[PDB]
file structure-v8.csv (CSV, C-alpha atoms and all ligand atoms)
chain,number,residue,atom,x,y,z
A,1,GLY,CA,1.3,34.2,-35.5
A,2,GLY,CA,0.4,37.8,-36.5
A,3,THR,CA,-0.3,40.2,-33.6
A,4,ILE,CA,-2.9,42.5,-35.1
A,5,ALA,CA,-5.8,41.4,-37.4
A,6,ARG,CA,-5.4,37.8,-36.3
A,7,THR,CA,-6.3,38.7,-32.7
A,8,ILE,CA,-9.0,41.3,-33.6
A,9,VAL,CA,-12.7,40.3,-33.3
A,10,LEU,CA,-15.2,42.5,-35.4
A,11,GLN,CA,-18.4,43.4,-33.6
A,12,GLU,CA,-20.3,46.1,-35.4
A,13,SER,CA,-20.5,47.3,-39.1
A,14,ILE,CA,-20.1,51.1,-39.2
A,15,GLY,CA,-20.5,51.5,-43.0
A,16,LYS,CA,-19.0,51.6,-46.4
A,17,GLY,CA,-16.7,54.7,-47.0
A,18,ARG,CA,-15.1,55.9,-50.3
A,19,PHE,CA,-12.5,53.2,-49.9
A,20,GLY,CA,-12.7,50.7,-47.0
A,21,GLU,CA,-15.6,49.2,-45.1
A,22,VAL,CA,-15.5,50.4,-41.5
A,23,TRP,CA,-16.0,48.2,-38.5
A,24,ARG,CA,-15.8,48.5,-34.8
A,25,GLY,CA,-13.8,45.7,-33.3
A,26,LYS,CA,-12.1,44.4,-30.1
A,27,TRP,CA,-8.3,44.1,-29.7
A,28,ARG,CA,-7.2,42.4,-26.4
A,29,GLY,CA,-10.3,43.8,-24.7
A,30,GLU,CA,-10.0,47.3,-26.2
A,31,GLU,CA,-12.3,48.9,-28.7
A,32,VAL,CA,-10.6,49.6,-32.1
A,33,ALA,CA,-11.8,50.8,-35.5
A,34,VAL,CA,-10.9,48.8,-38.6
A,35,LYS,CA,-11.0,49.8,-42.2
A,36,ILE,CA,-11.3,46.7,-44.4
A,37,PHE,CA,-10.3,46.8,-48.1
A,38,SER,CA,-10.4,44.0,-50.7
A,39,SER,CA,-7.4,42.8,-52.6
A,40,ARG,CA,-8.5,44.9,-55.7
A,41,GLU,CA,-8.3,48.0,-53.4
A,42,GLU,CA,-4.6,47.3,-52.5
A,43,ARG,CA,-3.5,50.7,-53.9
A,44,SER,CA,-5.8,52.8,-51.7
A,45,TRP,CA,-5.1,50.5,-48.7
A,46,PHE,CA,-1.3,50.9,-49.2
A,47,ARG,CA,-1.4,54.6,-49.9
A,48,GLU,CA,-3.4,55.3,-46.7
A,49,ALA,CA,-1.1,53.0,-44.7
A,50,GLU,CA,1.9,54.8,-46.1
A,51,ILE,CA,0.5,58.3,-45.1
A,52,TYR,CA,-0.4,57.1,-41.6
A,53,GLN,CA,3.1,55.7,-41.2
A,54,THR,CA,4.8,59.0,-42.0
A,55,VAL,CA,7.5,59.8,-39.5
A,56,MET,CA,6.4,62.0,-36.6
A,57,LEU,CA,2.8,62.2,-37.8
A,58,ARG,CA,1.3,61.4,-34.3
A,59,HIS,CA,-0.6,64.3,-32.8
A,60,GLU,CA,-3.7,64.4,-30.6
A,61,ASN,CA,-5.7,66.0,-33.4
A,62,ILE,CA,-4.9,63.4,-36.0
A,63,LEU,CA,-6.5,59.9,-35.8
A,64,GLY,CA,-4.3,57.6,-33.8
A,65,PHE,CA,-3.1,54.9,-36.2
A,66,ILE,CA,-2.3,51.4,-34.9
A,67,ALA,CA,-1.4,49.2,-37.9
A,68,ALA,CA,-1.9,48.0,-41.5
A,69,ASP,CA,-2.2,44.2,-41.7
A,70,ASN,CA,-3.5,41.3,-43.8
A,71,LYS,CA,-6.1,38.8,-42.8
A,72,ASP,CA,-6.8,35.5,-44.7
A,73,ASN,CA,-10.2,34.1,-43.7
A,74,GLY,CA,-9.4,30.9,-45.7
A,75,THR,CA,-11.3,31.9,-48.9
A,76,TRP,CA,-10.0,35.5,-49.5
A,77,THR,CA,-7.5,38.0,-48.1
A,78,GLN,CA,-8.6,41.2,-46.4
A,79,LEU,CA,-6.5,44.3,-46.2
A,80,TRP,CA,-6.8,46.0,-42.8
A,81,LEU,CA,-6.2,49.5,-41.4
A,82,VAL,CA,-6.6,49.5,-37.6
A,83,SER,CA,-7.0,52.7,-35.6
A,84,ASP,CA,-8.2,54.1,-32.2
A,85,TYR,CA,-12.0,54.0,-32.0
A,86,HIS,CA,-14.1,57.2,-31.5
A,87,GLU,CA,-17.6,56.6,-30.3
A,88,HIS,CA,-19.1,59.9,-31.4
A,89,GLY,CA,-18.2,59.2,-35.1
A,90,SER,CA,-17.6,62.1,-37.4
A,91,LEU,CA,-18.0,65.9,-36.8
A,92,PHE,CA,-20.9,65.6,-39.3
A,93,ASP,CA,-22.7,63.0,-37.0
A,94,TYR,CA,-22.0,65.1,-33.9
A,95,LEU,CA,-23.2,68.4,-35.4
A,96,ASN,CA,-26.4,66.6,-36.6
A,97,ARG,CA,-27.0,65.1,-33.2
A,98,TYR,CA,-26.0,68.1,-31.0
A,99,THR,CA,-25.8,71.8,-30.5
A,100,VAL,CA,-22.7,73.2,-28.8
A,101,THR,CA,-21.8,75.9,-26.2
A,102,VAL,CA,-19.4,78.7,-27.1
A,103,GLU,CA,-16.8,76.6,-25.2
A,104,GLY,CA,-17.7,73.6,-27.4
A,105,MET,CA,-17.5,75.5,-30.7
A,106,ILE,CA,-14.0,76.8,-29.8
A,107,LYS,CA,-12.8,73.3,-28.8
A,108,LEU,CA,-14.0,71.8,-32.1
A,109,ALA,CA,-12.6,74.6,-34.2
A,110,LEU,CA,-9.3,74.9,-32.3
A,111,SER,CA,-8.6,71.1,-32.3
A,112,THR,CA,-9.4,70.9,-36.0
A,113,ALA,CA,-7.1,73.8,-36.8
A,114,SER,CA,-4.3,72.3,-34.6
A,115,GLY,CA,-4.6,69.0,-36.5
A,116,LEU,CA,-4.4,70.8,-39.8
A,117,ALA,CA,-1.4,72.9,-38.6
A,118,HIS,CA,0.4,69.8,-37.7
A,119,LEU,CA,-0.3,68.2,-41.0
A,120,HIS,CA,0.8,71.3,-42.9
A,121,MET,CA,4.0,71.9,-40.8
A,122,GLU,CA,7.4,70.7,-42.0
A,123,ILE,CA,9.6,69.5,-39.2
A,124,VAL,CA,13.3,69.4,-40.1
A,125,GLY,CA,15.6,66.5,-39.1
A,126,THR,CA,16.1,62.9,-40.2
A,127,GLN,CA,13.0,61.9,-38.2
A,128,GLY,CA,11.6,65.2,-39.4
A,129,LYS,CA,8.1,65.2,-40.8
A,130,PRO,CA,7.3,66.3,-44.3
A,131,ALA,CA,4.6,68.9,-44.9
A,132,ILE,CA,1.3,67.1,-45.8
A,133,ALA,CA,-1.9,68.4,-47.4
A,134,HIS,CA,-5.2,66.4,-46.8
A,135,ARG,CA,-7.0,67.1,-50.1
A,136,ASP,CA,-10.5,65.9,-48.8
A,137,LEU,CA,-11.1,67.8,-45.6
A,138,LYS,CA,-14.8,67.8,-44.6
A,139,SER,CA,-16.9,67.3,-41.6
A,140,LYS,CA,-17.3,63.6,-42.4
A,141,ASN,CA,-13.5,63.1,-42.4
A,142,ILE,CA,-13.0,64.6,-38.9
A,143,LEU,CA,-13.8,62.5,-35.8
A,144,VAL,CA,-15.0,63.7,-32.4
A,145,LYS,CA,-13.2,62.3,-29.3
A,146,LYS,CA,-14.8,61.8,-25.8
A,147,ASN,CA,-13.0,64.9,-24.5
A,148,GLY,CA,-14.9,67.1,-27.1
A,149,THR,CA,-11.9,67.7,-29.4
A,150,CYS,CA,-11.5,66.7,-33.0
A,151,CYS,CA,-9.1,64.6,-34.9
A,152,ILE,CA,-8.5,64.5,-38.7
A,153,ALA,CA,-8.9,61.1,-40.4
A,154,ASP,CA,-9.3,59.7,-43.9
A,155,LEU,CA,-5.8,60.7,-45.0
A,156,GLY,CA,-5.8,58.4,-48.1
A,157,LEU,CA,-5.9,61.3,-50.6
A,158,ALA,CA,-3.1,63.3,-48.9
A,159,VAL,CA,0.1,64.5,-50.7
A,160,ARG,CA,3.5,64.8,-49.0
A,161,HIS,CA,6.1,67.5,-49.9
A,162,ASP,CA,9.8,66.8,-50.3
A,163,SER,CA,11.2,70.2,-49.4
A,164,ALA,CA,14.8,69.0,-50.3
A,165,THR,CA,13.9,68.7,-54.0
A,166,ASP,CA,10.6,70.7,-54.1
A,167,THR,CA,8.7,67.6,-55.2
A,168,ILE,CA,5.4,66.1,-54.1
A,169,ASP,CA,5.5,62.4,-53.4
A,170,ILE,CA,2.8,61.4,-55.9
A,171,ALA,CA,1.8,62.5,-59.4
A,172,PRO,CA,-1.4,64.3,-58.4
A,173,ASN,CA,-4.7,63.8,-60.2
A,174,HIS,CA,-7.1,66.7,-60.7
A,175,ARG,CA,-10.1,66.9,-58.4
A,176,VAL,CA,-9.9,63.8,-56.1
A,177,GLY,CA,-11.8,65.3,-53.1
A,178,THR,CA,-15.5,65.8,-52.3
A,179,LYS,CA,-16.9,68.2,-54.9
A,180,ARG,CA,-18.9,70.4,-52.4
A,181,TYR,CA,-15.7,71.2,-50.5
A,182,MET,CA,-13.3,71.8,-53.4
A,183,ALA,CA,-11.7,75.3,-53.5
A,184,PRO,CA,-12.5,77.6,-56.4
A,185,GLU,CA,-9.1,77.0,-58.0
A,186,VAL,CA,-9.8,73.3,-57.9
A,187,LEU,CA,-13.3,73.6,-59.3
A,188,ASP,CA,-12.0,75.6,-62.3
A,189,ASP,CA,-8.6,73.8,-62.7
A,190,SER,CA,-6.6,77.0,-62.3
A,191,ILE,CA,-4.7,75.5,-59.3
A,192,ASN,CA,-1.0,75.2,-59.8
A,193,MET,CA,-0.3,71.5,-58.7
A,194,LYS,CA,3.4,72.2,-59.2
A,195,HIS,CA,3.3,74.3,-56.0
A,196,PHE,CA,2.8,72.6,-52.7
A,197,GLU,CA,1.5,75.8,-51.0
A,198,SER,CA,-1.5,75.5,-53.4
A,199,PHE,CA,-2.6,72.3,-51.7
A,200,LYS,CA,-2.3,73.8,-48.2
A,201,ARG,CA,-4.5,76.7,-49.4
A,202,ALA,CA,-7.2,74.4,-50.7
A,203,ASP,CA,-7.3,72.7,-47.3
A,204,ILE,CA,-7.9,76.1,-45.6
A,205,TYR,CA,-10.9,76.9,-47.8
A,206,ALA,CA,-12.4,73.5,-46.8
A,207,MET,CA,-11.7,74.1,-43.1
A,208,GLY,CA,-13.5,77.5,-43.4
A,209,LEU,CA,-16.6,75.7,-44.7
A,210,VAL,CA,-16.3,73.2,-41.8
A,211,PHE,CA,-16.0,76.1,-39.2
A,212,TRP,CA,-19.2,77.4,-40.8
A,213,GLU,CA,-20.9,74.0,-40.2
A,214,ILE,CA,-19.8,74.2,-36.5
A,215,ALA,CA,-20.8,77.9,-35.9
A,216,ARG,CA,-24.4,77.2,-37.1
A,217,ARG,CA,-24.9,74.8,-34.1
A,218,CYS,CA,-23.5,77.0,-31.4
A,219,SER,CA,-26.6,77.7,-29.3
A,220,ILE,CA,-26.6,81.0,-27.4
A,221,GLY,CA,-29.7,81.8,-25.4
A,222,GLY,CA,-31.7,79.2,-27.2
A,223,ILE,CA,-30.9,80.6,-30.7
A,224,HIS,CA,-29.0,78.3,-33.1
A,225,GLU,CA,-29.4,77.2,-36.8
A,226,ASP,CA,-30.3,73.7,-37.9
A,227,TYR,CA,-27.5,71.5,-39.3
A,228,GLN,CA,-26.7,72.0,-42.9
A,229,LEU,CA,-23.8,71.1,-45.2
A,230,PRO,CA,-22.1,74.0,-46.9
A,231,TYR,CA,-24.0,75.2,-50.1
A,232,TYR,CA,-27.2,73.3,-49.0
A,233,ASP,CA,-29.0,76.5,-50.2
A,234,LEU,CA,-27.4,76.6,-53.7
A,235,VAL,CA,-26.6,73.2,-55.1
A,236,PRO,CA,-28.3,69.7,-55.0
A,237,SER,CA,-27.2,66.8,-53.0
A,238,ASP,CA,-24.3,65.1,-54.8
A,239,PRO,CA,-23.4,68.2,-56.7
A,240,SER,CA,-21.3,68.1,-59.9
A,241,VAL,CA,-18.1,70.0,-60.4
A,242,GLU,CA,-20.0,72.2,-62.9
A,243,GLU,CA,-22.8,72.9,-60.4
A,244,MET,CA,-20.3,73.8,-57.7
A,245,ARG,CA,-18.2,75.9,-60.1
A,246,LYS,CA,-21.1,78.0,-61.3
A,247,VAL,CA,-21.8,78.9,-57.6
A,248,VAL,CA,-18.3,79.2,-56.1
A,249,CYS,CA,-16.4,80.6,-59.2
A,250,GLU,CA,-19.0,82.2,-61.6
A,251,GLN,CA,-21.6,83.6,-59.1
A,252,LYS,CA,-18.9,83.8,-56.4
A,253,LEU,CA,-21.1,82.8,-53.5
A,254,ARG,CA,-20.0,81.5,-50.2
A,255,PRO,CA,-22.1,80.0,-47.3
A,256,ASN,CA,-24.3,82.6,-45.7
A,257,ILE,CA,-23.1,84.3,-42.4
A,258,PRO,CA,-26.2,85.1,-40.3
A,259,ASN,CA,-26.8,88.5,-38.6
A,260,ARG,CA,-27.1,86.8,-35.2
A,261,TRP,CA,-23.3,86.0,-35.1
A,262,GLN,CA,-22.1,89.6,-34.8
A,263,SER,CA,-23.8,89.8,-31.4
A,264,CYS,CA,-21.3,87.4,-29.9
A,265,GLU,CA,-17.5,87.8,-29.7
A,266,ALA,CA,-16.7,84.2,-30.4
A,267,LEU,CA,-19.0,83.9,-33.4
A,268,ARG,CA,-17.5,87.2,-34.7
A,269,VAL,CA,-14.0,85.9,-34.5
A,270,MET,CA,-15.2,82.6,-36.2
A,271,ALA,CA,-17.1,84.6,-38.9
A,272,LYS,CA,-14.0,86.7,-39.6
A,273,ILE,CA,-12.0,83.4,-40.0
A,274,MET,CA,-14.4,81.9,-42.4
A,275,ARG,CA,-14.3,84.9,-44.7
A,276,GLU,CA,-10.5,84.8,-44.5
A,277,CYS,CA,-10.5,81.1,-45.6
A,278,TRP,CA,-13.0,81.8,-48.5
A,279,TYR,CA,-11.0,84.2,-50.6
A,280,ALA,CA,-10.9,83.1,-54.3
A,281,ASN,CA,-7.2,83.9,-54.2
A,282,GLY,CA,-5.5,81.1,-52.1
A,283,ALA,CA,-2.5,83.4,-51.3
A,284,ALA,CA,-4.8,85.8,-49.3
A,285,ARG,CA,-6.2,83.0,-47.1
A,286,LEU,CA,-5.1,82.4,-43.5
A,287,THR,CA,-2.7,79.6,-42.6
A,288,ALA,CA,-3.8,76.9,-40.2
A,289,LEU,CA,-1.0,78.1,-37.8
A,290,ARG,CA,-2.4,81.6,-37.8
A,291,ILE,CA,-6.0,80.2,-37.3
A,292,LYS,CA,-4.7,78.0,-34.4
A,293,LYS,CA,-3.1,81.1,-32.7
A,294,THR,CA,-6.3,83.2,-33.1
A,295,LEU,CA,-8.6,80.5,-31.6
A,296,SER,CA,-6.0,79.9,-28.9
A,297,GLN,CA,-6.1,83.6,-28.0
A,298,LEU,CA,-9.9,83.6,-28.2
A,299,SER,CA,-10.1,80.6,-25.9
B,1,LIG,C1,-7.5,54.0,-40.6
B,1,LIG,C2,-8.9,54.1,-40.2
B,1,LIG,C3,-9.5,53.0,-39.5
B,1,LIG,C4,-10.8,53.1,-39.1
B,1,LIG,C5,-11.5,54.3,-39.3
B,1,LIG,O1,-12.8,54.5,-38.9
B,1,LIG,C6,-13.0,55.0,-37.6
B,1,LIG,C7,-11.9,55.4,-36.8
B,1,LIG,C8,-12.2,55.9,-35.6
B,1,LIG,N1,-13.4,56.1,-35.1
B,1,LIG,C9,-14.4,55.7,-35.9
B,1,LIG,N2,-15.7,55.8,-35.3
B,1,LIG,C10,-16.9,56.0,-36.0
B,1,LIG,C11,-18.1,55.6,-35.3
B,1,LIG,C12,-19.3,55.8,-35.9
B,1,LIG,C13,-19.4,56.3,-37.2
B,1,LIG,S1,-21.1,56.4,-37.9
B,1,LIG,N3,-21.2,57.7,-38.6
B,1,LIG,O2,-21.2,55.4,-38.9
B,1,LIG,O3,-21.9,56.5,-36.7
B,1,LIG,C14,-18.3,56.7,-37.9
B,1,LIG,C15,-17.1,56.5,-37.3
B,1,LIG,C16,-14.3,55.1,-37.1
B,1,LIG,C17,-10.8,55.4,-40.0
B,1,LIG,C18,-11.6,56.7,-40.2
B,1,LIG,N4,-9.6,55.2,-40.4
call {"tool": "encode", "arguments": {"input": "structure-v8.csv", "output": "structure tokens", "more": "lines below"}}
Ligand SMILES: Cc1ccc(Oc2ccnc(Nc3ccc(S(N)(=O)=O)cc3)c2)c(C)n1
result
Amino acid sequence: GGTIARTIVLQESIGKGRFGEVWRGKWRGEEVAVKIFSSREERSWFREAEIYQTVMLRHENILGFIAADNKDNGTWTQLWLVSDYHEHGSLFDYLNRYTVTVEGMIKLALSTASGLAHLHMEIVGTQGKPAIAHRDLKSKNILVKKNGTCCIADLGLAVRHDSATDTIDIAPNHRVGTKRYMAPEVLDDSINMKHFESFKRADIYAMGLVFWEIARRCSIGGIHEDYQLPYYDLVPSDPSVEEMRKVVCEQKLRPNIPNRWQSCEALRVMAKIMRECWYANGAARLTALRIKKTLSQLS
């Protein structure tokens, strides 16, 4: 019989995501995480399985993928994505629960940037990995390991670049990601979707907003800021594209960078990075590689 879903016992409901219900389960004694999709969600299940099975994807800062599989309970069929299980949940959950040291902030920002750098990087060869842009990077799509480093997950909305023919592996649909985290050029539809670099640039804007989320919780001498999502001060919960666009593109606002942060060297390097991810012109933004180097030198 099958060697995956067949032998997995589900233990705890984690919650309903955009696509896929998440569960914590047990696989030959080991804790695993399982995304369950229904048969009418086959497209999203397949696409996410496809991305995670990209040659040479595995990296310690991308979620460790185990298998896609089917499970027939006798009444209906379930479509399964199985992965490593991370007890701390998302970077969102961790930043709400906890404050971090300077050491902790740098681990979270570095590991995240290393994950994105791996995604973005083309590796030549037959086993060579295609460049990949996430398209929905946000604190809820990044998980926190026990060792205090991040890994990027929820790769269902990702696009892959064929550098041989300069084509993207899907016919992309405008504005698929989380509205709050969409880059300006996404919010106003000026993004050139027939340029793969444009997708990598949108990811960098989103990562800047995530770094901001982290930096707020770095507690030095007792001083830290409460957890907020980006633009908590400017837009409602569940903001519309129009609400986001009026703030990010018309009023040209970005999350606030507190005075406190220029006191410390680490927060000053982080603050400089945020601003250099938040340019309205994607071309001027830092690359994930360049950000990885900087946080490596800082650490
Ligand atoms: C392919 C796949 C399978 C499962 C999965 O879900 C996971 C994977 C790894 N770790 C977790 N852990 C986790 C634990 C708690 C919570 S929370 N926020 O509901 O407490 C969220 C995620 C979930 C994801 C994102 N992708």
call {"tool": "atom_distance", "arguments": {"input": "structure-v8.csv", "atom1": "atom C15 of ligand LIG 1 (chain B)", "atom2": "CA of residue 90 in chain A"}}
result
5.6 Å
call {"tool": "closest_atom_pairs", "arguments": {"input": "structure-v8.csv", "of": "chain A", "to": "ligand LIG 1 (chain B)", "cutoff": "8 Å", "atoms": "only C-alpha atoms and all ligand atoms", "output": "JSON lines"}}
result
{"residue": "A:14", "atom": "CA", "partner": "B:LIG1", "partner_atom": "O2", "distance": 4.4}
{"residue": "A:15", "atom": "CA", "partner": "B:LIG1", "partner_atom": "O2", "distance": 5.7}
{"residue": "A:22", "atom": "CA", "partner": "B:LIG1", "partner_atom": "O1", "distance": 5.6}
{"residue": "A:23", "atom": "CA", "partner": "B:LIG1", "partner_atom": "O1", "distance": 7.1}
{"residue": "A:24", "atom": "CA", "partner": "B:LIG1", "partner_atom": "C16", "distance": 7.1}
{"residue": "A:32", "atom": "CA", "partner": "B:LIG1", "partner_atom": "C8", "distance": 7.4}
{"residue": "A:33", "atom": "CA", "partner": "B:LIG1", "partner_atom": "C4", "distance": 4.4}
{"residue": "A:34", "atom": "CA", "partner": "B:LIG1", "partner_atom": "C4", "distance": 4.3}
{"residue": "A:35", "atom": "CA", "partner": "B:LIG1", "partner_atom": "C3", "distance": 4.4}
{"residue": "A:48", "atom": "CA", "partner": "B:LIG1", "partner_atom": "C1", "distance": 7.5}
{"residue": "A:49", "atom": "CA", "partner": "B:LIG1", "partner_atom": "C1", "distance": 7.7}
{"residue": "A:52", "atom": "CA", "partner": "B:LIG1", "partner_atom": "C1", "distance": 7.8}
{"residue": "A:63", "atom": "CA", "partner": "B:LIG1", "partner_atom": "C8", "distance": 7.0}
{"residue": "A:65", "atom": "CA", "partner": "B:LIG1", "partner_atom": "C1", "distance": 6.3}
{"residue": "A:81", "atom": "CA", "partner": "B:LIG1", "partner_atom": "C1", "distance": 4.8}
{"residue": "A:82", "atom": "CA", "partner": "B:LIG1", "partner_atom": "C3", "distance": 4.9}
{"residue": "A:83", "atom": "CA", "partner": "B:LIG1", "partner_atom": "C3", "distance": 4.6}
{"residue": "A:84", "atom": "CA", "partner": "B:LIG1", "partner_atom": "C8", "distance": 5.5}
{"residue": "A:85", "atom": "CA", "partner": "B:LIG1", "partner_atom": "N1", "distance": 4.0}
{"residue": "A:86", "atom": "CA", "partner": "B:LIG1", "partner_atom": "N1", "distance": 3.8}
{"residue": "A:87", "atom": "CA", "partner": "B:LIG1", "partner_atom": "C11", "distance": 5.1}
{"residue": "A:88", "atom": "CA", "partner": "B:LIG1", "partner_atom": "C11", "distance": 5.9}
{"residue": "A:89", "atom": "CA", "partner": "B:LIG1", "partner_atom": "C10", "distance": 3.6}
{"residue": "A:90", "atom": "CA", "partner": "B:LIG1", "partner_atom": "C14", "distance": 5.5}
{"residue": "A:92", "atom": "CA", "partner": "B:LIG1", "partner_atom": "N3", "distance": 7.9}
{"residue": "A:93", "atom": "CA", "partner": "B:LIG1", "partner_atom": "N3", "distance": 5.7}
{"residue": "A:141", "atom": "CA", "partner": "B:LIG1", "partner_atom": "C18", "distance": 7.0}
{"residue": "A:143", "atom": "CA", "partner": "B:LIG1", "partner_atom": "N1", "distance": 6.5}
{"residue": "A:153", "atom": "CA", "partner": "B:LIG1", "partner_atom": "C18", "distance": 5.2}
{"residue": "A:154", "atom": "CA", "partner": "B:LIG1", "partner_atom": "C18", "distance": 5.3}
call {"tool": "closest_residue", "arguments": {"input": "structure-v8.csv", "among": "A:74, A:115, A:282, A:17", "to": "residue 140 in chain A", "atoms": "all atoms listed in the file"}}
result
A:17
call {"tool": "residues_around", "arguments": {"input": "structure-v8.csv", "residues": "residue 128 in chain A", "least_positions_apart": "4", "cutoff": "9 Å", "atoms": "all atoms listed in the file", "output": "ChimeraX atom specification"}}
result
/A:55-56,122-124
call {"tool": "closest_residue", "arguments": {"input": "structure-v8.csv", "among": "A:145, A:108, A:238, A:177", "to": "residue 270 in chain A", "atoms": "all atoms listed in the file"}}
result
A:108
call {"tool": "atom_distance", "arguments": {"input": "structure-v8.csv", "atom1": "CA of residue 181 in chain A", "atom2": "CA of residue 194 in chain A"}}
result
21.0 Å
call {"tool": "residues_around", "arguments": {"input": "structure-v8.csv", "residues": "range 295-297 of chain A", "least_positions_apart": "3", "cutoff": "7 Å", "atoms": "only C-alpha atoms", "output": "JSON, numbers by chain"}}
result
{"A": [106, 110, 291, 292]}
call {"tool": "residues_around", "arguments": {"input": "structure-v8.csv", "residues": "residue 157 in chain A", "least_positions_apart": "3", "cutoff": "9 Å", "atoms": "all atoms listed in the file", "output": "PyMOL selection string"}}
result
chain A and resi 44+47-48+51+133-136+154+176-177
call {"tool": "atom_distance", "arguments": {"input": "structure-v8.csv", "atom1": "CA of residue 79 in chain A", "atom2": "CA of residue 39 in chain A"}}
result
6.6 Å
call {"tool": "residues_around", "arguments": {"input": "structure-v8.csv", "residues": "residue 174 in chain A", "least_positions_apart": "6", "cutoff": "12 Å", "atoms": "all atoms listed in the file", "output": "list in words"}}
result
residues 135, 157, 182, 185, 186, 187, 188, 189, 190, 191, 192, 193, 194, 199 and 241 of chain A
call {"tool": "residues_around", "arguments": {"input": "structure-v8.csv", "residues": "range 257-267 of chain A", "least_positions_apart": "5", "cutoff": "12 Å", "atoms": "all atoms listed in the file", "output": "PyMOL selection string"}}
result
chain A and resi 101-107+109+208-209+211-225+230-231+272-275+294-299
call {"tool": "decode", "arguments": {"input": "structure-v8.csv", "residues": "range 15-56 of chain A", "atoms": "C-alpha atoms", "output": "PDB file, in the first residue's frame"}}
result
ATOM      1  CA  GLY A  15      -6.389  25.832  10.896  1.00  0.00           C
ATOM      2  CA  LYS A  16      -7.814  26.706   7.505  1.00  0.00           C
ATOM      3  CA  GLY A  17      -5.375  28.574   5.237  1.00  0.00           C
ATOM      4  CA  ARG A  18      -6.057  30.260   1.865  1.00  0.00           C
ATOM      5  CA  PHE A  19      -5.915  26.842   0.273  1.00  0.00           C
ATOM      6  CA  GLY A  20      -5.515  23.751   2.379  1.00  0.00           C
ATOM      7  CA  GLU A  21      -6.573  22.895   5.888  1.00  0.00           C
ATOM      8  CA  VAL A  22      -3.501  22.397   8.070  1.00  0.00           C
ATOM      9  CA  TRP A  23      -3.041  19.535  10.512  1.00  0.00           C
ATOM     10  CA  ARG A  24      -0.316  18.262  12.803  1.00  0.00           C
ATOM     11  CA  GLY A  25       0.094  14.509  12.394  1.00  0.00           C
ATOM     12  CA  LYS A  26       2.357  11.583  13.155  1.00  0.00           C
ATOM     13  CA  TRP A  27       4.361   9.604  10.574  1.00  0.00           C
ATOM     14  CA  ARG A  28       6.158   6.504  11.921  1.00  0.00           C
ATOM     15  CA  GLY A  29       6.459   8.170  15.336  1.00  0.00           C
ATOM     16  CA  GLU A  30       7.601  11.555  13.948  1.00  0.00           C
ATOM     17  CA  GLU A  31       5.623  14.795  14.005  1.00  0.00           C
ATOM     18  CA  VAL A  32       4.703  16.065  10.507  1.00  0.00           C
ATOM     19  CA  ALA A  33       2.545  18.872   9.110  1.00  0.00           C
ATOM     20  CA  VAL A  34      -0.099  18.106   6.532  1.00  0.00           C
ATOM     21  CA  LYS A  35      -2.024  20.421   4.254  1.00  0.00           C
ATOM     22  CA  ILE A  36      -5.310  18.813   3.257  1.00  0.00           C
ATOM     23  CA  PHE A  37      -7.123  19.944   0.073  1.00  0.00           C
ATOM     24  CA  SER A  38     -10.471  18.697  -1.323  1.00  0.00           C
ATOM     25  CA  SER A  39     -10.844  17.291  -4.844  1.00  0.00           C
ATOM     26  CA  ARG A  40     -12.203  20.672  -6.096  1.00  0.00           C
ATOM     27  CA  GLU A  41      -8.904  22.278  -4.944  1.00  0.00           C
ATOM     28  CA  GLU A  42      -6.827  19.926  -7.149  1.00  0.00           C
ATOM     29  CA  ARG A  43      -5.299  22.844  -9.107  1.00  0.00           C
ATOM     30  CA  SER A  44      -3.885  24.556  -5.995  1.00  0.00           C
ATOM     31  CA  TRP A  45      -2.814  21.241  -4.509  1.00  0.00           C
ATOM     32  CA  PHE A  46      -1.040  20.258  -7.716  1.00  0.00           C
ATOM     33  CA  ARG A  47       0.600  23.649  -8.271  1.00  0.00           C
ATOM     34  CA  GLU A  48       1.993  23.745  -4.705  1.00  0.00           C
ATOM     35  CA  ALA A  49       3.228  20.138  -5.024  1.00  0.00           C
ATOM     36  CA  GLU A  50       4.826  21.070  -8.361  1.00  0.00           C
ATOM     37  CA  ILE A  51       6.740  24.033  -6.866  1.00  0.00           C
ATOM     38  CA  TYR A  52       7.958  22.043  -3.860  1.00  0.00           C
ATOM     39  CA  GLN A  53       9.238  19.320  -6.198  1.00  0.00           C
ATOM     40  CA  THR A  54      11.361  21.751  -8.150  1.00  0.00           C
ATOM     41  CA  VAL A  55      14.846  20.279  -8.651  1.00  0.00           C
ATOM     42  CA  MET A  56      17.414  21.454  -6.046  1.00  0.00           C
TER      43      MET A  56
END
